[PDB]
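Presented as structure tokens, the chain that follows is alone, the form deposited in one PDB entry.
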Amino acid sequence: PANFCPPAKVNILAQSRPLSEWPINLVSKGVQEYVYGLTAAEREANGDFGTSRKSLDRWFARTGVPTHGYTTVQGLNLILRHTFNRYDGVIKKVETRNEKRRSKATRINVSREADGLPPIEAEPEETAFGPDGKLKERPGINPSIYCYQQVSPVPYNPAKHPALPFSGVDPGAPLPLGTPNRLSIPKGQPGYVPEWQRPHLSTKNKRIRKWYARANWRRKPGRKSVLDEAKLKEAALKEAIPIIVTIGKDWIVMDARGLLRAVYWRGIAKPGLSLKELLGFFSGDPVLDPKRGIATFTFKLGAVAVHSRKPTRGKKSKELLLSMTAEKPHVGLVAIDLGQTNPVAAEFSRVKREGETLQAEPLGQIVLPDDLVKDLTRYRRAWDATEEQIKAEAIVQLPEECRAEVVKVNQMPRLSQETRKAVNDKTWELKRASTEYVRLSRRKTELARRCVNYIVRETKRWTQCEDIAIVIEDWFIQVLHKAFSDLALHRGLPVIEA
């Protein structure tokens, strides 16, 4: 039973007015501001919002949060239930911490009592509420508009929707395509392929990029072109696929080509499908991001065919392998010991079902290709280059009393175990706001996933088995282990540890 719904993001093309000014956003912000300030006793009093119209009306009347004109039951149930669950979230954190601590105390003290030692004094368990009645760690306001059934996206129709300069496709008509006859574009026209790179054109299933894509015109050291943005923007808008969400009086228009590519690269749909089916492949409750301009869709329960299991280990591993050998009698394991030198070392095997025990059959080993290692080396160069800059910038912004001590640390004694905390905090703050650091941190994840995908692809070729299993042991060590453990969560492939 498939139970995983990966996201798919689309771009906002136009708005009636900025998303932060909508009544839904205002009522969400007001509710979030009000609820978090409630004390421990006040939550029980103001915890009867109810899933009905009368209950919601009396909740808004009893308190003083302005409804801001937004009075929709489907949508206020999402705002209130999420907001009160965040209030219980901070309580649940300290509750589970104290539960683990009390289990430790119960084990240790009962063991000592069995040994005759009296139990130690009970520790002052932490409370989530501050001095008078307020939460110490007050939850922050969550900026997001959670769409619902009554405002589900629909294909654009100029008749019943506000007029915008770009056109709108027919919901029932088959969706358009790129340019198949790419080699037939005459010289001097957009998309023209010169007569020197025609032979070494890819034959594989590459994703087709249109000539106005930003990837073909962005600024890199080798690109001696011009990045005129207006021309690319209008050329891209001329061929958009608009879908619209109307919440009350406001509306928003999205570009649906993101959904098209999401269903295309996953292979769930083939070229030649309508917009109605394309929207039917996704949930009718997207999420709007006011800060970026991205609406995030998630696939329906059934669109993807993965199970999203857990990395079982220990005793359950043998039973998992036995059950899988009860399925098609060819299981190809791979061992991912992150050994010396190369970041990845693999060792394929095959096991049968010999009654009760397994019969492993070795099949050899493989190392990472040289191009991938070159890419990893270049990434590490870039990461170290940005690290040597951000650390220096953090050191510069330290207070003079701490700055002198840190300078002495650089100079050549190792002391001052009170400014290490300040250095750590300043470094975390700088890292959280450095855009280049975010880009290089996403690059690490992308490269790690590239390595895992390569290993999975090669482990299906050597063993010639469709179903595979992964064995791991507990720089790139942590990131690669995380990327390999995500396969159970994301793609459903079992991930055994040791």
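For clarity, a rigid core is taken as the largest C-alpha set superposing within 1.5 Å between two forms. Don't overthink the numbering: it's just position in the shown sequence, from 1.
FYI, the form deposited in another entry isn't displayed, but the following is about it.
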* Structure fact -> Just one entry of 399, 178, 369, 248 has its C-alpha move 2 Å or more between this form and the one not shown under rigid core superposition, and it is 399
* Does residue 231 show a Cα shift reaching 2 Å between this form and the one not shown after rigid-core superposition? -> no
* Using a superposition on the rigid core, decide whether the Cα position of residue 419 changes by 2 angstroms or more between this form and the one not shown. => yes
